[PDB]
Amino acid sequence: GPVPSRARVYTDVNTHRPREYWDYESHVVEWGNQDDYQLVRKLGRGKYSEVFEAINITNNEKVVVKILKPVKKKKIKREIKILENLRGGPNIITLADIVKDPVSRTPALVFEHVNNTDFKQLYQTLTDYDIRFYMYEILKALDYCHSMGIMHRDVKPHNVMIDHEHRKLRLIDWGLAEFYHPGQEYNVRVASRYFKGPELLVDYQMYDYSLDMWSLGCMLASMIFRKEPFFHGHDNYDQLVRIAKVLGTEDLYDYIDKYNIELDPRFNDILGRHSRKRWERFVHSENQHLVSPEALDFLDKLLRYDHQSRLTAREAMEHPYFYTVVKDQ
Ligand SMILES: Cc1nc2ccc(S(=O)(=O)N3CCC(CCNCc4ccc(-c5ccccc5)c(Cl)c4)CC3)cc2s1
């Protein structure tokens, strides 16, 4: 069978906490009063939930309500527990309240209100510095949640809110996040195709925080190269093919050998033989202002098949790409 793996960092953080910290099935949800919030307008619809702007009539504060679609109670408890554990952490969305409709029995998460700058506006105007700054802010949230024993497992642009006017950022949608325990086999059917790590695609279940670092690398690539999505797979199999056409097949097969991974016979037809490509082939006159030796070195050190060889969040934060942003703090 496959060779086991443990996180290189924050390995045992949960083992040292009281069981209640991570044993979310035991968590009893503290309900607030639904009548405290009036819905104002729909903001979005999102697979597991519908999102509204609302107002707390107790105090006239603007709030955001996520009305959950039917999910298992255990997965709701998981998300709530994680949100509560991470509350106060840098750039983590703040859960303000939890309410249920007395009639429809539907449950609703109440968050802090954060405005999002118009995507068209923001993207038009970004700048190399801005990307470094916001990437650093995301890394602060990931180092924090990893240090708290939690993997996000769905890092991607949709789950990053920015308010450019106030230089503010939040990592949202903790609904797929899970506690890391050494030895645990996790579900590989998580995260969106374009952001799935090789570990998920080859069905290596004993993964860890480092999954998030792959996803982050995918985000960085899409931003500096102005290509979304960067790895555009047609399905889960082709997703790995797209990766292999860039990172090359030699290192992929080395990874599968090292962990004694058994590959679906299908991959053995489609994967073929691919050299490792240089990042320069994605650079053009439109994106060159975003692309630097530092950016490429950083990218290279996130996008690695072997989850153990990817940068940690804290290592990433020390990378030369961020020197000027850190100097500003
Ligand atoms: C508690 C909660 N409150 C709200 C409030 C509104 C909503 S929403 O459903 O209406 N909607 C979700 C989708 C957002 C778009 C995500 N931004 C993309 C982005 C992300 C990152 C970047 C980026 C990345 C790296 C460097 C620089 C910028 C860049 Cl360039 C762009 C808008 C808002 C849900 C929640 S959940």
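The opening residue of the sequence shown carries number 3 in the deposited numbering; numbering runs sequentially from there.
For each residue, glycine too, the CB sits at the ideal point set by N, CA and C.
Does DSSP put residue i in a helix, a strand or coil?
{"i": "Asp37", "result": "helix"}
{"i": "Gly46", "result": "strand"}
{"i": "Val5", "result": "coil"}
{"i": "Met150", "result": "coil"}
{"i": "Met215", "result": "helix"}
{"i": "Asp145", "result": "helix"}
{"i": "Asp25", "result": "coil"}
{"i": "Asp330", "result": "helix"}
{"i": "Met208", "result": "coil"}
To the nearest angstrom, report how far apart residue i and residue j are at their CA atoms.
{"i": "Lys142", "j": "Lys102", "result": "32 Å"}
{"i": "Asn161", "j": "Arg316", "result": "21 Å"}
{"i": "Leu222", "j": "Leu301", "result": "7 Å"}
{"i": "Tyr196", "j": "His234", "result": "6 Å"}
{"i": "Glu86", "j": "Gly34", "result": "15 Å"}
{"i": "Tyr325", "j": "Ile84", "result": "31 Å"}
{"i": "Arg80", "j": "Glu22", "result": "12 Å"}
{"i": "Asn16", "j": "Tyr209", "result": "15 Å"}
{"i": "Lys247", "j": "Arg10", "result": "28 Å"}
{"i": "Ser277", "j": "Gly199", "result": "19 Å"}
{"i": "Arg134", "j": "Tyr323", "result": "7 Å"}
{"i": "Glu52", "j": "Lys68", "result": "6 Å"}
{"i": "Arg312", "j": "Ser106", "result": "46 Å"}
{"i": "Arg47", "j": "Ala110", "result": "14 Å"}
{"i": "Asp120", "j": "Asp330", "result": "26 Å"}
{"i": "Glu32", "j": "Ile100", "result": "7 Å"}
{"i": "residue 2", "j": "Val204", "result": "In the structure as shown, the chain starts at 3 and stops at 331, and residue 2 therefore has no counterpart that could be examined."}
{"i": "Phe227", "j": "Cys220", "result": "11 Å"}
{"i": "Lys44", "j": "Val112", "result": "14 Å"}
{"i": "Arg280", "j": "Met225", "result": "17 Å"}
{"i": "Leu249", "j": "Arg275", "result": "11 Å"}
{"i": "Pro295", "j": "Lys303", "result": "12 Å"}
{"i": "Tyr131", "j": "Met137", "result": "10 Å"}
{"i": "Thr108", "j": "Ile95", "result": "22 Å"}
{"i": "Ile245", "j": "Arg169", "result": "33 Å"}
{"i": "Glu201", "j": "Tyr211", "result": "12 Å"}
{"i": "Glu320", "j": "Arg172", "result": "21 Å"}
{"i": "residue 1", "j": "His154", "result": "A question about residue 1 goes unanswered here, because the residues of the chain that appear run from 3 up to 331."}
{"i": "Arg283", "j": "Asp308", "result": "23 Å"}
{"i": "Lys260", "j": "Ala193", "result": "25 Å"}
{"i": "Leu298", "j": "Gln36", "result": "49 Å"}
{"i": "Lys64", "j": "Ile174", "result": "17 Å"}
{"i": "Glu55", "j": "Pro231", "result": "29 Å"}
{"i": "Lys71", "j": "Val5", "result": "38 Å"}
{"i": "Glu139", "j": "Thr314", "result": "15 Å"}
{"i": "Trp176", "j": "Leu305", "result": "23 Å"}
{"i": "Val293", "j": "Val327", "result": "16 Å"}
With hydrogens ignored, establish whether the beta-carbon of residue i is closer than 6 Å to any heavy atom of ligand 3.
{"i": "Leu124", "result": "Annotation note on ligand 3: not contained in the displayed structure, which lists ligand 1 as its ligands."}
Query - Sequence ranges, alpha helix (DSSP H) only - wholly within the region 231 to 260, length at least 4 - result: 238 to 249 and 251 to 260
Report task. Could I get the ranges of all uninterrupted alpha helix (DSSP H) runs contained in the region 52 to 135, with 4 residues as the minimum, in chain order? Result -> 75 to 88 and 121 to 126
Requested in this report: Answer yes if the region 85 to 100 comes into contact with the region 142 to 152, meaning at least three C-beta pairs across the two stretches below 8 Å, and no otherwise.
Outcome: yes
Report task. Write down every uninterrupted run of the alpha helix (DSSP H) in the region 167 to 206 whose length is 4 residues or greater and which is fully enclosed by it, in chain order. Result -> 200 to 203
Query raised in the report: What runs of the beta strand (DSSP E), each 3 residues or longer, lie entirely inside the region 247 to 324?
Result: none
**Report entry** Inter-stretch contact (C-beta, 8 Å, three-pair minimum) for the region 212 to 222 and the region 262 to 273
**Finding:** no
Query raised in the report: With a cut-off of 8 Å, do at least 3 Cβ pairs link the region 163 to 174 to the region 115 to 124?
Result: yes
Query raised in the report: Is there contact here, the region 18 to 31 with the region 67 to 87, by at least three beta-carbon pairs under 8 Å?
Result: yes
Report task. State whether the region 249 to 256 contacts the region 284 to 301, with contact taken as three or more CB pairs (one from each stretch) at a distance under 8 Å. Result -> no
Query raised in the report: Counting pairs of Cβ atoms below 8 Å between the region 241 to 249 and the region 180 to 193, do you hit three or more?
Result: no
Report task. Report yes or no: do three or more beta-carbon pairs, one from the region 37 to 44 and one from the region 55 to 64, lie closer than 8 Å? Result -> yes
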